[PDB]
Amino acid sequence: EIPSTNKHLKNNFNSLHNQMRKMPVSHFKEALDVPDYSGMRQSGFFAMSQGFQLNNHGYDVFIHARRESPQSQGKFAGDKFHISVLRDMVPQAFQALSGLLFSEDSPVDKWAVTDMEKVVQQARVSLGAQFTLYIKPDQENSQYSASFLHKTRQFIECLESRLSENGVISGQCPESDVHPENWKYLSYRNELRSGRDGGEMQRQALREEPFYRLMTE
């Protein structure tokens, strides 16, 4: 149909899944020279760490992180993840994940974390979904490569294990997202085909997203 990133996943659904399941473990050299959560909130107008431009300048309640996109990279296709932890443990969770989030090997060029001092405690992005990781197709024609999907899945699974290994308590996953039982913190939604309001109907549609299935099955 019109071709698009998702059309490609649908038509190469099994090829991608099979290629991914044959690849060797991904390795991410974690960064050490990174800010802690307090440092992140001090980003203000502008800060830099491992190539990620940081800012906590205002408008919204988040601290943003963005590394320059490769010329070979495609256009955002809606795929993204949230990370939900106990509200009280966001600073510790951030620190635990910093080495991966700022990694020169990370597949995620853009992400954001809630500034807990800018939101009310009972807020949707306060009780959970305190991190948002944006994914985009890695190939010039806006298609996902098997290599990149495997790397992304490996990365999200590393985030999961790091938080669990740190014994971080889980948060309240947003109604908008879906996640399998083995993801205790991560959740997913595609912003091109879903909104922020929950509903089993939207979760149902999301569960059928080829990208989500490739990330979980």
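All residue numbers refer to positions in the sequence shown, first residue = 1.
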Q: Mind pulling up the entry and telling me whether 179-187 or 57-65 has the higher mean Cα temperature factor?
A: 57-65
Q) Looking only at CA atoms, which has the higher mean B factor in the entry: 72-80 or 107-115? A) 72-80
Q: Determine which member of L192, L149, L163, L32 has the highest CA B-factor, using the values in the deposited entry.
A: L192
Q. Considering only modelled residues of the same chain, in which third does the CA B-factor of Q154 rank: lowest, middle or highest?
A. lowest
(Q) Could you place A123 in the lowest, middle or highest third of its chain by Cα temperature factor, using the values in the record? (A) middle
Q) Which third of the chain does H17 land in by C-alpha B-factor: lowest, middle or highest? A) lowest
